[PDB]
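In: Requesting a structural model of the entry that follows:
(one chain, ligands or ions: 1)
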Amino acid sequence: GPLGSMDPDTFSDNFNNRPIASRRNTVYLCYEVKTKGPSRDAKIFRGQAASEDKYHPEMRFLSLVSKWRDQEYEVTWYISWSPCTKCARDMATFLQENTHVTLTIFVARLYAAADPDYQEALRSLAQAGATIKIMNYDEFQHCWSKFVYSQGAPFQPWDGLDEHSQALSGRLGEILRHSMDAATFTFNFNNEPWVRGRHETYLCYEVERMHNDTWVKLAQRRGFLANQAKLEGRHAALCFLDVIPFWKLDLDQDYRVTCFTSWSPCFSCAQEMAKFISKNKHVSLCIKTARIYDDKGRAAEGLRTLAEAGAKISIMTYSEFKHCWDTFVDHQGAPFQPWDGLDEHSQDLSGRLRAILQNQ
Ligand SMILES: [Zn+2]
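Out: Residues are numbered from 1 along each chain as shown. There you are, the coordinates:
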């Protein structure tokens, strides 16, 4: 096609909410700059560029929204991948330093690779006054009609477009709200032993430092995450095991890490956590699980090895469920209404855990 545009191939390669991740870390970006006016027949200035790194042409519009008389701008990004850790931080800084510009980003794929600095950068970019959404059918349809040299060819979506779009929107909302959905918590954090449809695994984590003679909660370190499964993926415990290194814990001070898990760790995750806590002796790791993942009879050895290495394994009760509801979900002031059979299943799983811990 002509210069400055992309073709159906590059579009269908960069803009896709499907399991095919990214062998090559490239990111395409389509920008629409418009003068913030009252009219609907305004001239929308459209451009697009891929990540060249050496020269950075994707930020060529930065000079296009400079302070000129009394003009405001409504920039719209149609970025392929999600912004980088540093790109989002610098964009938030620019938005703070330029009040005459508003920003609306439509992301197609979220950086599944998690990082507290990345999440903090996204939340700060959202705090600076920018809107962030996930591309749906209308966004891909509009981008295909203006930034692709389609020789009279209409847009043809993929099968699981909305199915992946809603899941990515849920993950986005979890990232930006800094809290999981209430229905998601009620669904995944159930208490019955045998359940169906709980494919994913969520995990909340809290950190407490030992100061004076008590456990002072490091409130800026509490968080939560989910599994990725999916490209393939790991489990929730393994995904949590490489977030601890980014915490930069002191080594001659002791800490307590509390992990509220929807599913109990499997055998591989149990052995990995056992090795981790055998290496890091300055962290006391306690696990409160809602359900006991049987793991086809291989989880008893994992739990016993974890307890041997040194952990306080226990089953979540009403108090832990209520604490997780009040601290981790977007309840918006609503109380924690427990489901039927809470204490019954809690004490049943407590007795079962007791039986498993005594080599039985
Ligand atoms: Zn596992």
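
In: from here on, contacts and neighbour counts on C-alpha atoms
Out: Will do.

In: Quick one: residues contacting the residue in the chain that the ion sits nearest to.
Out: Using C-alpha to the ion, residue 266 is the residue of the chain that sits closest to the ion, at 4.0 Å. Applying C-alpha atoms under 8 Å, 6 or more residues apart in numbering, one finds that residue 266 lies in contact with 293, 295, 298, 299, 302.

In: repeat that with 10 Å
Out: The neighbours of residue 266, taking C-alpha atoms under 10 Å, 6 or more residues apart in numbering as the test, are 235, 237, 292-296, 298-303.

In: List, out of these, those positioned next to the ion.
Out: The subset of these lying close to the ion, counting by C-alpha under 5 Å from the ion, consists of residue 235.

In: could you flag which of the contacts of residue 266 are buried?
Out: 235, 237, 292, 293, 294, 299, 300, 301, 302, 303 (16 or more other C-alpha atoms under 10 Å).

In: Quick check: what element follows the host helix or strand of the second one along the chain?
Out: Following DSSP states H and E, one finds residue 237 within helix 236-241. Read in the C-terminal direction, the helix or strand following helix 236-241 is strand 255-263, with elements assigned using DSSP H and E.

In: Given that following strand, what are its sheet partners and their directions?
Out: Paired neighbours of strand 255-263 in the sheet (DSSP bridges): strand 202-211 (antiparallel), strand 283-291 (parallel).

In: Identify the residues contacting stretch 235-246?
Out: 113-117, 200-205, 224-229, 233, 257, 259, 261-266, 268-270, 272-273, 276.

In: And stretch 44-57, by the same measure?
Out: 4-6, 14, 25-35, 58-61, 64, 75-80, 146-148.

In: Selection in ChimeraX covering whichever of those residues are buried, please.
Out: Applied in ChimeraX, the following selects the buried portion of the contacts of stretch 44-57 according to 16+ other C-alpha under 10 Å:
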select :5,6,14,27,28,29,30,31,32,33,34,35,58,61,75,76,77,78,79,80,147,148
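
In: Just to be sure, which of the contacts of stretch 44-57 are found in helices?
Out: Within the contacts of stretch 44-57, membership in helices is found for 14, 146, as judged by DSSP state H.

In: Give me the subset of the contacts of stretch 44-57 lying in strands.
Out: 28, 29, 30, 31, 32, 33, 75, 76, 77 (DSSP state E).

In: now, which of the contacts of residue 266 sits nearest residue 211?
Out: Ranked by distance to residue 211 (C-alpha to C-alpha), these are led by residue 237 at 27.3 Å.

In: C-alpha coordinates for the helix holding residue 237, PDB please?
Out: Taking Å, rounded to 0.1, in the frame of the first residue of the first chain, the C-alpha atoms of helix 236-241 are listed here in PDB:
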ATOM      1  CA  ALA A 236      -1.300 -18.200  40.700                       C
ATOM      2  CA  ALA A 237       1.300 -19.300  43.400                       C
ATOM      3  CA  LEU A 238       4.100 -19.400  40.900                       C
ATOM      4  CA  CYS A 239       3.000 -16.000  39.500                       C
ATOM      5  CA  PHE A 240       3.100 -14.700  43.100                       C
ATOM      6  CA  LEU A 241       6.500 -16.200  43.800                       C
END
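
In: contacting residues for residue 103?
Out: Neighbouring residues of residue 103 by C-alpha under 10 Å, 6+ apart: 33, 73-77, 91, 95, 125-126, 128-132.

In: Mind doing that once more with 7 Å?
Out: 74, 75, 76, 130, 131 (C-alpha atoms under 7 Å, 6 or more residues apart in numbering).

In: neighbours of the closest residue to the last one other than its chain neighbours, just the number please.
Out: By the measure of C-alpha to C-alpha, 6 or more residues apart in numbering, the closest residue to residue 131 outside its immediate chain neighbours is residue 104, 4.7 Å from it. Residue crowding around residue 104 was assessed by other C-alpha atoms under 10 Å; the count is 18.

In: could you check the angle strand 28-33 makes with the helix or strand encompassing residue 104?
Out: Residue 104 belongs to strand 101-107 when assigned by DSSP H and E. Angular relation of strand 101-107 and strand 28-33 on a 0 to 180 degree scale: 150 degrees, by axes from the mean of the first three to the mean of the last three C-alpha atoms, to 10 degrees.

In: which outside residues touch whichever helix or strand comes after strand 101-107?
Out: Following the chain from strand 101-107 toward its C-terminal end, the next helix or strand by DSSP H and E is helix 116-127. When contacts are taken as C-alpha under 7 Å, 6+ apart, the neighbours of helix 116-127 outside the stretch itself are 85, 88, 89, 92, 175, 176.

In: mind redoing it with 6 Å?
Out: 85, 88, 89, 92, 176 (C-alpha atoms under 6 Å, 6 or more residues apart in numbering).

In: Repeat that for stretch 253-262.
Out: Stretch 253-262 has contacts (C-alpha under 6 Å, 6+ apart) with 189, 202-210, 282-290.

In: circling back to that earlier point, the helix holding residue 237: which residues count as buried?
Out: Per 16+ other C-alpha under 10 Å, helix 236-241 contains these buried residues: 236, 237, 238, 239, 240.

In: Can you tell me the closest non-neighbouring residue to residue 276?
Out: In this structure, residue 276 finds its nearest non-sequential neighbour in residue 241, 7.9 Å apart by C-alpha to C-alpha, 6+ apart.

In: got it, and residue 112?
Out: In space, not counting the residues next to it along the chain, residue 112 is nearest to residue 228; the distance is 7.7 Å by C-alpha to C-alpha, 6+ apart.

In: Please consider this matter closed, and thank you.
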